[PDB]
Amino acid sequence: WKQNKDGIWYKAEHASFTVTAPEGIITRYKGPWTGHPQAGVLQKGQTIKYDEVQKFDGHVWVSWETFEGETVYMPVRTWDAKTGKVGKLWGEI
């Protein structure tokens, strides 16, 4: 794990994620923060391959690049910054 200037915990990791959340997962642009503009919604059953994992804004995120070259961040589980406790995974890896 490594932390950048903004306090975003990131780590390299190459794996695939399949969304199992009933109502899908909302994706964001720019970074792993709920306040960033929405990039779409990944619905149940859909799978993506991420190249980096982040811990920020009370969640664990996975990121990847789209065909268009934009980086998209997706939350995958809750994260308590003060204790490090992580919640249920919203999909399979």
# chains A, B, ... in the order shown; residues from 1 in each chain; ligands from 1
call {"tool": "residues_around", "arguments": {"residues": "residue 69 in chain A", "least_positions_apart": "3", "cutoff": "12 Å", "atoms": "only C-alpha atoms", "output": "PyMOL selection string"}}
result
chain A and resi 29-30+64-66+72
call {"tool": "residues_around", "arguments": {"residues": "range 80-91 of chain A", "least_positions_apart": "3", "cutoff": "8 Å", "atoms": "only C-alpha atoms", "output": "VMD selection string"}}
result
chain A and resid 17 to 21 56 58 to 60 76 to 77
call {"tool": "select_by_dssp", "arguments": {"residues": "chain A", "states": "strand (DSSP E)", "output": "ChimeraX atom specification"}}
result
/A:2-3,9-19,25-28,38-42,47-56,59-65,71-78,91-92
call {"tool": "write_last_selection", "arguments": {"atoms": "C-alpha atoms", "output": "mmCIF file, in the first residue's frame"}}
result
data_model
loop_
_atom_site.group_PDB
_atom_site.id
_atom_site.type_symbol
_atom_site.label_atom_id
_atom_site.label_comp_id
_atom_site.auth_asym_id
_atom_site.auth_seq_id
_atom_site.Cartn_x
_atom_site.Cartn_y
_atom_site.Cartn_z
ATOM 1 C CA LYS A 2 0.970 3.612 -0.653
ATOM 2 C CA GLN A 3 -0.652 6.958 0.136
ATOM 3 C CA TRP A 9 -4.486 4.840 -0.282
ATOM 4 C CA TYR A 10 -3.615 3.067 -3.534
ATOM 5 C CA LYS A 11 -2.035 -0.251 -4.455
ATOM 6 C CA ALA A 12 -1.291 -2.087 -7.683
ATOM 7 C CA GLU A 13 -3.446 -5.157 -8.293
ATOM 8 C CA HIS A 14 -4.475 -6.913 -11.514
ATOM 9 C CA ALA A 15 -7.757 -8.811 -11.187
ATOM 10 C CA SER A 16 -11.353 -8.966 -12.427
ATOM 11 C CA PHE A 17 -14.440 -7.855 -10.491
ATOM 12 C CA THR A 18 -18.023 -9.037 -11.050
ATOM 13 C CA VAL A 19 -20.716 -6.805 -9.567
ATOM 14 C CA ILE A 25 -22.696 0.173 -8.382
ATOM 15 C CA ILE A 26 -22.285 3.862 -9.212
ATOM 16 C CA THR A 27 -18.957 4.768 -10.828
ATOM 17 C CA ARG A 28 -17.121 8.089 -10.622
ATOM 18 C CA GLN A 38 -20.727 10.136 -11.892
ATOM 19 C CA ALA A 39 -19.307 7.978 -14.688
ATOM 20 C CA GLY A 40 -22.193 5.490 -14.956
ATOM 21 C CA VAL A 41 -23.569 2.440 -13.170
ATOM 22 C CA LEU A 42 -22.191 -1.106 -13.325
ATOM 23 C CA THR A 47 -17.615 -7.761 -14.951
ATOM 24 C CA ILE A 48 -14.624 -5.435 -15.261
ATOM 25 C CA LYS A 49 -10.861 -5.789 -14.894
ATOM 26 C CA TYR A 50 -9.201 -3.231 -12.630
ATOM 27 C CA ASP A 51 -5.507 -2.440 -12.286
ATOM 28 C CA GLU A 52 -5.435 -0.488 -9.008
ATOM 29 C CA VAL A 53 -7.223 -0.539 -5.651
ATOM 30 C CA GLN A 54 -7.839 2.521 -3.483
ATOM 31 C CA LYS A 55 -9.082 3.189 0.048
ATOM 32 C CA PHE A 56 -10.705 6.599 0.455
ATOM 33 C CA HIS A 59 -14.836 2.906 0.881
ATOM 34 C CA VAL A 60 -12.474 0.550 -0.923
ATOM 35 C CA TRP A 61 -12.265 1.355 -4.631
ATOM 36 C CA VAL A 62 -11.037 -0.323 -7.802
ATOM 37 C CA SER A 63 -9.978 1.664 -10.862
ATOM 38 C CA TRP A 64 -9.471 0.953 -14.551
ATOM 39 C CA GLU A 65 -9.129 2.777 -17.853
ATOM 40 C CA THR A 71 -10.014 6.457 -15.529
ATOM 41 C CA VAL A 72 -13.079 5.203 -13.639
ATOM 42 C CA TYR A 73 -13.223 4.468 -9.907
ATOM 43 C CA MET A 74 -15.731 2.100 -8.304
ATOM 44 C CA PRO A 75 -16.432 1.367 -4.624
ATOM 45 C CA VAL A 76 -16.398 -2.306 -3.697
ATOM 46 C CA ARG A 77 -16.780 -2.278 0.086
ATOM 47 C CA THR A 78 -16.997 -0.019 3.116
ATOM 48 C CA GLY A 91 -18.950 -8.597 -5.815
ATOM 49 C CA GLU A 92 -16.508 -11.387 -6.563
#
call {"tool": "closest_residue", "arguments": {"among": "A:22, A:7, A:31, A:44", "to": "residue 70 in chain A", "atoms": "only C-alpha atoms"}}
result
A:31
call {"tool": "closest_residue", "arguments": {"among": "A:1, A:6, A:46, A:67", "to": "residue 33 in chain A", "atoms": "only C-alpha atoms"}}
result
A:6
